[PDB]
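Working notes, beginning with the structure itself.
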Protein chains: 4
Amino acid sequence: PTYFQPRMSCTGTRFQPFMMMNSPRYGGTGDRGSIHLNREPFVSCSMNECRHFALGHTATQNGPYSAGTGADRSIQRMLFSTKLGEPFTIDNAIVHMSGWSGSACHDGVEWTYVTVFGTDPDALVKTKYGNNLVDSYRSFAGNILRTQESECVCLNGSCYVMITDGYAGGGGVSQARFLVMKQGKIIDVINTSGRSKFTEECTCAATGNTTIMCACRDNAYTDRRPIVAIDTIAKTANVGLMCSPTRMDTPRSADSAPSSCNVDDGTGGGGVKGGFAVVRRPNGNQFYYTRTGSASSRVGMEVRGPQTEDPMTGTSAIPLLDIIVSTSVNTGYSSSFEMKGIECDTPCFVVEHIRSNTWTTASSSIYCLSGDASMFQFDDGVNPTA
Amino acid sequence: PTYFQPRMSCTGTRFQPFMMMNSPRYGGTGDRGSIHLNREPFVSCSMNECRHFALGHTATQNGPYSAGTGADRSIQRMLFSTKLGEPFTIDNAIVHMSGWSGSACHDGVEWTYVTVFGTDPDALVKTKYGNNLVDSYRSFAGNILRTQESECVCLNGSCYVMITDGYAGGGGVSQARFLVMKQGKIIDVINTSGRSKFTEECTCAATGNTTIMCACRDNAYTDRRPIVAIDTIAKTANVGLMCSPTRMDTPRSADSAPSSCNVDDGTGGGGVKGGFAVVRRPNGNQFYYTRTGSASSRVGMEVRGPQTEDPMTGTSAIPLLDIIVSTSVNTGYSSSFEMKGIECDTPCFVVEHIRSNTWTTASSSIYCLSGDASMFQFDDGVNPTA
Amino acid sequence: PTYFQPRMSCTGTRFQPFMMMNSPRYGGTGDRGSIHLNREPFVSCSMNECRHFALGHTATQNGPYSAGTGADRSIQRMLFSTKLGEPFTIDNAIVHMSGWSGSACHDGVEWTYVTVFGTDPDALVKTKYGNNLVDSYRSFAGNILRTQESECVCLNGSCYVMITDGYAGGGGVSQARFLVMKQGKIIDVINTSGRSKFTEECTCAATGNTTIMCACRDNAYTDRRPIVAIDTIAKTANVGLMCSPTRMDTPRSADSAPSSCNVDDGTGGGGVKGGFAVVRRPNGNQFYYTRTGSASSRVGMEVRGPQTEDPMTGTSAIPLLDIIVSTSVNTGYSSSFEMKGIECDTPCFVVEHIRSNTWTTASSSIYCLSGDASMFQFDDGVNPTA
Amino acid sequence: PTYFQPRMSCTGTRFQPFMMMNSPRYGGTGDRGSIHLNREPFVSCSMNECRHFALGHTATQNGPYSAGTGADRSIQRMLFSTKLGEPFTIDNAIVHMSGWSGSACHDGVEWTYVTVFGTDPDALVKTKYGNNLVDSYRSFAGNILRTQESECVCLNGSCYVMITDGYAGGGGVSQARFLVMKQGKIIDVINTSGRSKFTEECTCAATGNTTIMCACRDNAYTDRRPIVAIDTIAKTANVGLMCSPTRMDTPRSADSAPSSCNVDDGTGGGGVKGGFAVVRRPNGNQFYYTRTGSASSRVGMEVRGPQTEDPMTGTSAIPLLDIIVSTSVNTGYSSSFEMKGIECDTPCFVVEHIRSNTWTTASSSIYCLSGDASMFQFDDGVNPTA
Ligand SMILES: *[C@@H]1O[C@H](CO)[C@@H](O)[C@H](O)[C@H]1NC(C)=O
Ligand SMILES: *[C@@H]1O[C@H](CO)[C@@H](O)[C@H](O)[C@H]1NC(C)=O
Ligand SMILES: *[C@@H]1O[C@H](CO)[C@@H](O)[C@H](O)[C@H]1NC(C)=O
Ligand SMILES: *[C@@H]1O[C@H](CO)[C@@H](O)[C@H](O)[C@H]1NC(C)=O
């Protein structure tokens, strides 16, 4: 009835610091806070509220169960969120469902949540709409089934969420599929084509009505991100590697043009989830990317400036816009979301900060498209031994 | 005006792990949480929210009053709940009324709460609707008056809650009655017939408009659960023992057919509240049951697959569907609830986990009907000496 | 527009235990809770929610400022409340305004709050409506200005709150006035007549449309409570002493008839706020009273049964209905409130329990009109040295 | 659609104690609370709720990060608020955006938030409306960009917020500008005229429809506050110094008339944000001011009585109304806000109290226009070493 449709983005040229959800700063052995242990934070917004989602380990930052929370998958993993702006404490967190992998988005009416939970070789995808469980999808490759770990994209009520299934190591194949949900019910599945061989942890944004574009991870063959062009009328997802000389993954080789756009050329396997933002304008879209600062290590964070060429076939270099996190500060996964205002959408990037001692926590820094001003780089301010 | 009526259930063949309300995992002597001490958790849902209900002891998990909270009845017992997904902490819990036994349900308009509180030989049932106390019912057998300890069933505004009163030991008689409430006011009382001799801790689900079916406990004569068929037009509750060779109580004898359906045959007295779910379909209902894993002890938990025969007179064995809790993990009471979605209902089972040191707490695991996938068995993850 | 008017009470013959807001049971030096230090708790209800109000000392139960919280008046006193059913913790409490004396009620549209704050010889009454400060009233006798410390009574939008001002010791005069507020604005002041000499801490309930009756304290001359009959059309408050042989204050002499209804006869000064409930029926009102158990000390608590004679001029004894608190448990102030349901009102009594070590706290027990059942007496369960 | 417009103020002659948001009184090394470290608190109100805003340091009152929170600007600074009446704890606080300087107000529909964040020589102003980031404004003088640190004024949807940029020391120039926002979008900028040389930390109140008046700080040349008269139709802000002999800043010289109204005459640089309230009446406006008690030090707090002459050119002395904080209690910044009731507005002053040990916190005392009664002076009651 009132389903959200993408709008043109508002005026701005830089992604300026907006909010820091540095949850594990009100905890520590010398403090009084009770904070969730989690990984892979992301933000999704409705037109009235933004929420900060994460996968927790059902344990406090400084508690008897904090050991063992560095695991990627466990039966204690759950998807939970708070409103953006809340400290992300145990009392403020709302658990949506169990799951060691997941995503969430809002269609303009109600929140849709997607998680993956189960045994590694046979995990199940479950979808929930409005606190009522709606649907499920079974593992298709016989390997760890994974989601975006970021916001899913809703177009007039149809929400497109990426799922993948396959071996994430060298020599593996991980062909992604996009589930199309309406009110949490899976109505369609769009399989990939093009360089479908390995698509993982896709960060997606709308490129206008009827079209979605994603920038994904490749953890086995290259260090150039796959770009997935989803045509929702043709019902096809065309995957290919960025032909740009600027490499967006971590580890990565020195920037250079590929000999051919879809040839595997890089440092080998491994990778990090990255950011991807689209600034939609009446005269064409501009694309922005996040990259770690130091090549070969998840240190620092840069924003690569507007690309006016197709992210797949442009072949031009992507200029540096700003350095948002210095190389003295460790970083993790990067994602993106859009605020949905009264008149326009506002692209924002989310930068993960990883902190550990005898437990592992995540902190997030949100940078939103705004006006031109000198960058004020952010240090998480979390001391694992505080 | 907008009273809820049962709907057909959605597609699914397995009860897959959904959410674990393992409240006493953010507490412990080494943590900073303040968590209620409680027993007999259950979940009830509205179409917009699900709530997790429990009977507390007005004490924290690790506090000066934690001793003595293993009692079944005390004047400090109270009925309280949080939204499903909340940690069930002291600050999130809302107390509804005092009571050492109780149930709750939502009729599509507002929440109805039922508790029993008073002296053992002369306890009083009280009903509340929408935070306003509405009605009461007095003890009828001169013994401990008890409720379902699970969700009550509302049919177009009329909510059916089980109450029982009698000696729970060997040689006792405990004849149940069903109170029919409308807006919390008791409008009718349906007495039982058939094997009315001992009916306790009934887990009820609708079997369609105008009909409710319950699977109850028998703690004195047998190890086969009583099944109560409630005809809301005829205003009769027909009770009889499951004629199936599969015995659902704990302790229980090895599975075997009874010599006659309502003959008392088993290991003697004792028992546990069990689960009972109905999958309503246009071509007939399917019934699902929970059972402990190890016969003679409350260890593990199994889900017994669809029974297409009448739960009372079928006489066929009920196949094993899944083992949801391994026998290395202790379990307690089992119950069931239904989520009420936009298009359909979703049957879910709730499995209690009991943990104690110098206090006693309960944790709950929720398994909801979903798609076919390998089972991922759950270990509560609560260390009484954490 | 939707202002509340009194309704007939529902069926019942006993005030049965309903809820215990024993806030200082989740605190203590061995616990993790942060609970307000307060005195004189009372409950007021809207048709959708009940709230528990108290005057706090802006300090935690076990904190660096807990010393000195036994004071009756200080600049750190504030009026705050939580929803009835909440633990009344620091995080759940909402502060309404500063004040060392106060009352609150709901008119069917929004909450009206009244407090007294200022210097003893020249304190100010302030009224607030809907979080916006509306009006004030200045001290009139040059002595400590006081309120009811209980729910104010709203009749079709006009809310009647008692204020008094005078010396509370022997030989003093404390003539009460009733402020009539509409949307928090003081529209009228009704002065008292009859035995106006000393009226304090009035517990008021409606006796039907256009009429309010209160049972007050007399802390200087007698041990019989003043009864105030407020005629809202005549705009008069007629005060006189209960002519009944049953004495409701503490300390009190042995029950005996007075030689004349308004002659000062008793144990001298001192007193306690008491309960007063009205069961409105089509054939006349019934009155119920609370009394301490042990005469001469605030120990235990009794409910004195229905009085069908005018509370002022009846002259008959008031029979004992139930003993609600045993004499092994210390008690404090008693008050009353009414729940406002869909069809009827439900009179309820609130019994204060006082606990102290190096701080002073209050706990409250709520007993609501319900069916006939044996009484289950309540022990606060709060250990000052827990 | 429903945008707020100023109303006439209600009856009253004194600003009487209303509420004390003494947040750091439920914390301390001996307590269990987790309270934000912050500075420059202020209150802004909607017609349904009042909120207490502050700039935090993302640290608890008694935690591992409490050192270093006495800084005026840092990357850990954020704007957050709670409802007025809440303890302002970590769990109740909602973070709106990052920022080391800011303001907030409500236009009758939704909350507008303004902050300044960035590097000192090139900071950015950002505006947010309804949890969605809307606009920004860049530094204009090449120096620290600052906001009011108090409520912004909304007239029929147009919200007027003061920003300034310049050197705050001796010999500096700090010319203010007023941004006019509608739904968070900056629609106009009104530059100042008159004694535009140094305008800072303006406390603004409406003087009627189409007009706003502010009393500002001057931290370099004088100890008389600048008054800014904003004509929203002429779109001009006329700045000049108070010609009154009563000096409102701190430090200040002994009261005396200036030789000429806009001649710099005082004790030199330095200053404190002060209060400014307007009582709008059909026969003209009255102005009220706050002043510290002890000249030359931020000790105590006085309210200077109604000024019926133009605050700029009156030249008469402003009589003392009340002493609201004694000189035994240290004070900080003062501001003002208006409650928006059903029929009228209610001017209120907010008095900051500064407390520090190894951390710095702020407490606030709210005094609202009410009736005539003897003043009850307030001592914060916060012990830095509690
Ligand atoms: C999508 O379509 C809507 C109208 O249905 C329009 O208002 C909006 O601007 C469009 N967005 C884009 C990005 O084209
Ligand atoms: C109950 O009746 C309603 C119509 O009143 C119908 O929509 C619903 O499907 C029925 N449910 C069952 C289980 O028969
Ligand atoms: C008060 O008047 C209303 C009608 O205005 C009526 O419904 C209600 O029952 C009356 N209450 C009493 C106690 O007479
Ligand atoms: C402002 O104008 C409105 C009508 O638009 C009026 O009701 C209000 O009283 C005016 N306020 C002042 C202060 O003049």
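Identifiers in this document derive from the order of the structure tokens: chains are assigned A, B, ..., residues are numbered from 1 separately in each chain, and ligands are numbered from 1 in order of occurrence.
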
If we count only C-alpha atoms, which residues of chain D reach to within 8 Å of chain A? Please list them as number ranges by chain. D: 32-34, 58-60, 62-65, 75-76, 78, 90-91, 93-98, 118-119, 122-124, 130-138

Within 8 Å of ligand 4 (only C-alpha atoms and all ligand atoms), residues as a tab-separated table (two decimals) with N, CA, C and O atoms, in the first residue's frame:
chain	number	residue	atom	x	y	z
D	5	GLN	N	3.39	27.88	16.40
D	5	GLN	CA	3.57	29.33	16.41
D	5	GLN	C	3.57	29.78	17.86
D	5	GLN	O	2.89	29.18	18.69
D	6	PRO	N	4.35	30.81	18.22
D	6	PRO	CA	4.33	31.30	19.60
D	6	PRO	C	2.96	31.75	20.09
D	6	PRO	O	2.13	32.23	19.32
D	7	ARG	N	2.74	31.57	21.39
D	7	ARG	CA	1.52	31.98	22.07
D	7	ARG	C	1.90	32.92	23.20
D	7	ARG	O	3.07	33.05	23.57
D	8	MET	N	0.89	33.60	23.75
D	8	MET	CA	1.11	34.44	24.91
D	8	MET	C	1.47	33.57	26.10
D	8	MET	O	1.04	32.41	26.19
D	206	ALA	N	11.35	33.66	21.21
D	206	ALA	CA	10.47	34.46	20.37
D	206	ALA	C	9.94	35.66	21.14
D	206	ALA	O	9.68	35.58	22.34
D	207	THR	N	9.78	36.78	20.43
D	207	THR	CA	9.17	37.98	20.97
D	207	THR	C	7.81	38.24	20.33
D	207	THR	O	7.23	39.31	20.51
D	208	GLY	N	7.31	37.26	19.58
D	208	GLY	CA	6.03	37.28	18.92
D	208	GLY	C	6.18	36.73	17.52
D	208	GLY	O	7.31	36.49	17.05
D	209	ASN	N	5.06	36.62	16.81
D	209	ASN	CA	5.13	36.12	15.45
D	209	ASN	C	5.95	37.08	14.61
D	209	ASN	O	5.82	38.30	14.74
D	280	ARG	N	5.62	36.95	27.03
D	280	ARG	CA	4.85	37.64	26.01
D	280	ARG	C	3.46	37.92	26.55
D	280	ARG	O	2.77	36.99	26.99
D	281	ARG	N	3.05	39.18	26.51
D	281	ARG	CA	1.75	39.59	27.02
D	281	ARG	C	1.08	40.49	26.00
D	281	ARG	O	1.76	41.13	25.19
D	282	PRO	N	-0.26	40.56	25.99
D	282	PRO	CA	-0.95	41.46	25.04
D	282	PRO	C	-0.54	42.92	25.11
D	282	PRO	O	-0.72	43.64	24.12

Report as number ranges by chain all protein, DNA and RNA residues lying within 8 Å of residue 157 in chain B, evaluated on only C-alpha atoms, omitting residues in the same chain fewer than 3 positions from it. B: 3-4, 107-108, 154, 182-183

Print the selection's residues with C-alpha atoms to a file, as a tab-separated table (two decimals), in the first residue's frame.
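So selection20.tsv came out as:
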chain	number	residue	atom	x	y	z
B	3	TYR	CA	-11.18	-10.61	17.28
B	4	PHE	CA	-8.76	-13.23	16.01
B	107	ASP	CA	-7.89	-12.42	21.37
B	108	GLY	CA	-7.01	-10.11	18.47
B	154	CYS	CA	-9.07	-17.55	21.68
B	182	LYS	CA	-14.83	-12.82	26.79
B	183	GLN	CA	-12.92	-9.58	27.47

Applying 12 Å and only C-alpha atoms, which residues near residue 244 in chain C remain after dropping the ones on its own chain fewer than 6 positions away? List them as number ranges by chain. C: 223-227, 255-262, 304, 307-319

Just the selected residues (N, CA, C and O atoms), exported as a short mmCIF file (atom, residue, chain, number, x, y, z; two decimals), in the first residue's frame, please.
data_model
loop_
_atom_site.label_atom_id
_atom_site.label_comp_id
_atom_site.auth_asym_id
_atom_site.auth_seq_id
_atom_site.Cartn_x
_atom_site.Cartn_y
_atom_site.Cartn_z
N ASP C 223 -8.32 9.80 67.30
CA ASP C 223 -7.88 8.63 66.57
C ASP C 223 -8.98 8.09 65.66
O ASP C 223 -8.85 6.99 65.11
N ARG C 224 -10.07 8.84 65.51
CA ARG C 224 -11.15 8.57 64.58
C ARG C 224 -10.87 9.40 63.33
O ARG C 224 -10.50 10.57 63.43
N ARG C 225 -11.04 8.80 62.17
CA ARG C 225 -10.70 9.57 60.98
C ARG C 225 -11.78 10.60 60.64
O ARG C 225 -12.97 10.31 60.76
N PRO C 226 -11.38 11.82 60.24
CA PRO C 226 -12.35 12.73 59.62
C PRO C 226 -12.83 12.20 58.27
O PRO C 226 -12.06 11.64 57.50
N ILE C 227 -14.11 12.41 58.01
CA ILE C 227 -14.74 12.08 56.74
C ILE C 227 -15.18 13.40 56.13
O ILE C 227 -15.81 14.22 56.81
N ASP C 255 -11.66 0.05 70.79
CA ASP C 255 -12.93 0.42 70.17
C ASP C 255 -14.02 0.64 71.21
O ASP C 255 -14.21 -0.16 72.12
N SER C 256 -14.73 1.75 71.05
CA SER C 256 -15.80 2.17 71.95
C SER C 256 -16.57 3.26 71.23
O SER C 256 -16.02 3.96 70.37
N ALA C 257 -17.83 3.43 71.60
CA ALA C 257 -18.57 4.53 71.00
C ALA C 257 -18.12 5.86 71.60
O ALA C 257 -17.83 5.94 72.80
N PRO C 258 -18.07 6.94 70.81
CA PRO C 258 -17.84 8.27 71.39
C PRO C 258 -19.06 8.77 72.15
O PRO C 258 -20.19 8.36 71.88
N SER C 259 -18.82 9.66 73.11
CA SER C 259 -19.94 10.23 73.86
C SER C 259 -20.77 11.12 72.95
O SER C 259 -21.98 11.27 73.16
N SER C 260 -20.13 11.71 71.95
CA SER C 260 -20.78 12.53 70.95
C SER C 260 -19.86 12.40 69.75
O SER C 260 -18.63 12.33 69.89
N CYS C 261 -20.47 12.40 68.58
CA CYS C 261 -19.77 12.11 67.34
C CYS C 261 -18.52 12.96 67.05
O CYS C 261 -17.52 12.42 66.58
N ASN C 262 -18.56 14.27 67.31
CA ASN C 262 -17.43 15.15 66.99
C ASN C 262 -16.63 15.62 68.21
O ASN C 262 -15.93 16.64 68.14
N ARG C 304 -11.53 -3.53 57.04
CA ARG C 304 -12.79 -3.48 57.74
C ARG C 304 -13.88 -3.48 56.68
O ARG C 304 -13.88 -2.62 55.77
N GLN C 307 -19.50 -0.97 55.14
CA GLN C 307 -20.33 -0.10 55.96
C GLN C 307 -21.42 0.44 55.04
O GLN C 307 -21.11 1.09 54.04
N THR C 308 -22.68 0.18 55.38
CA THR C 308 -23.80 0.61 54.55
C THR C 308 -24.45 1.86 55.11
O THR C 308 -25.41 2.37 54.51
N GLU C 309 -23.95 2.37 56.23
CA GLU C 309 -24.40 3.57 56.90
C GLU C 309 -23.48 4.68 56.44
O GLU C 309 -22.37 4.42 55.95
N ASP C 310 -23.95 5.92 56.52
CA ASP C 310 -23.09 7.04 56.17
C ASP C 310 -21.81 6.99 57.01
O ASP C 310 -21.90 6.88 58.24
N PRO C 311 -20.60 7.04 56.38
CA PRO C 311 -19.35 7.01 57.16
C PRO C 311 -19.24 8.04 58.26
O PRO C 311 -18.49 7.85 59.22
N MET C 312 -19.99 9.14 58.14
CA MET C 312 -19.93 10.16 59.17
C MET C 312 -20.86 9.82 60.33
O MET C 312 -20.39 9.59 61.44
N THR C 313 -22.15 9.64 60.05
CA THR C 313 -23.17 9.52 61.09
C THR C 313 -23.71 8.11 61.32
O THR C 313 -24.72 7.97 62.03
N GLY C 314 -23.13 7.07 60.71
CA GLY C 314 -23.66 5.72 60.90
C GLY C 314 -23.81 5.31 62.36
O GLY C 314 -24.90 4.92 62.79
N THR C 315 -22.73 5.37 63.13
CA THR C 315 -22.59 5.00 64.54
C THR C 315 -22.51 3.49 64.76
O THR C 315 -22.26 3.08 65.90
N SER C 316 -22.71 2.65 63.75
CA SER C 316 -22.54 1.21 63.94
C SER C 316 -21.07 0.81 63.85
O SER C 316 -20.24 1.52 63.28
N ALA C 317 -20.76 -0.35 64.41
CA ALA C 317 -19.42 -0.90 64.29
C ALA C 317 -19.22 -1.40 62.86
O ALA C 317 -20.18 -1.79 62.19
N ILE C 318 -17.97 -1.40 62.41
CA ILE C 318 -17.62 -1.85 61.07
C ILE C 318 -16.98 -3.23 61.18
O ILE C 318 -15.91 -3.35 61.79
N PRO C 319 -17.59 -4.29 60.64
CA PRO C 319 -17.08 -5.63 60.90
C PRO C 319 -15.73 -5.87 60.23
O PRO C 319 -15.39 -5.24 59.23
#

From a DSSP pass on the backbone, collect the residues of range 204-346 of chain C flagged as strand (DSSP E) and hand them back as a PyMOL selection string. chain C and resi 204-208+211-217+226-231+236-241+276-279+286-291+299-307+320-330+334-340+345-346

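The list of residues with at least one atom within 7 Å of residue 353 in chain D, based on only C-alpha atoms and without residues fewer than 3 positions apart in the same chain, reads residues 330, 331, 332, 362, 363, 364 and 380 of chain D.
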
Residues of the last selection are to be written out with N, CA and C atoms, as a short mmCIF file (atom, residue, chain, number, x, y, z; two decimals), in the first residue's frame.
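Output saved as result18.cif:
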data_model
loop_
_atom_site.label_atom_id
_atom_site.label_comp_id
_atom_site.auth_asym_id
_atom_site.auth_seq_id
_atom_site.Cartn_x
_atom_site.Cartn_y
_atom_site.Cartn_z
N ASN D 330 28.61 26.05 42.97
CA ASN D 330 29.17 26.48 41.69
C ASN D 330 28.14 26.27 40.58
N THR D 331 28.16 27.16 39.60
CA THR D 331 27.26 27.10 38.46
C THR D 331 28.07 27.20 37.17
N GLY D 332 27.39 26.90 36.06
CA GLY D 332 27.97 26.97 34.74
C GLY D 332 27.16 27.81 33.77
N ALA D 362 27.99 17.53 33.95
CA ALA D 362 27.05 18.63 34.13
C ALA D 362 25.72 18.12 34.66
N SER D 363 25.12 18.94 35.51
CA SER D 363 23.80 18.76 36.11
C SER D 363 22.99 19.99 35.76
N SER D 364 21.65 19.88 35.69
CA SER D 364 20.87 21.08 35.37
C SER D 364 19.67 21.24 36.29
N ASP D 380 23.13 21.35 44.09
CA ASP D 380 23.17 20.22 43.15
C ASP D 380 23.13 18.86 43.83
#

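Between CA of residue 160 in chain C and CA of residue 245 in chain C the interatomic distance comes to 29.3 Å.
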
Length of the CA of residue 143 in chain D to CA of residue 72 in chain D vector [Å]: 14.5 Å

My list of candidates is B:159, B:233, B:215, B:348. Which is closest to residue 114 in chain B when distances are computed with only C-alpha atoms? B:159

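Of the residues under consideration (A:250, A:334, A:263, A:142), A:334 shows the shortest atom-to-atom contact distance to residue 202 in chain A when counting only C-alpha atoms.
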
Length of the CA of residue 13 in chain D to CA of residue 285 in chain D vector [Å]: 13.2 Å

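Each of A:82, A:193, A:210, A:61 was checked against ligand 1 using only C-alpha atoms and all ligand atoms; the smallest atom-to-atom distance is that of A:210.
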
Excluding same-chain residues fewer than 3 positions from residue 112 in chain D, what lies within 8 Å of it counting only C-alpha atoms, as a PyMOL selection string? chain D and resi 104-107+127-130+183-184

Excluding same-chain residues fewer than 6 positions from range 217-220 of chain D, what lies within 10 Å of it counting only C-alpha atoms, as a PyMOL selection string? chain D and resi 148+167-174+197-203+226-227+241+248-251+264+266-274
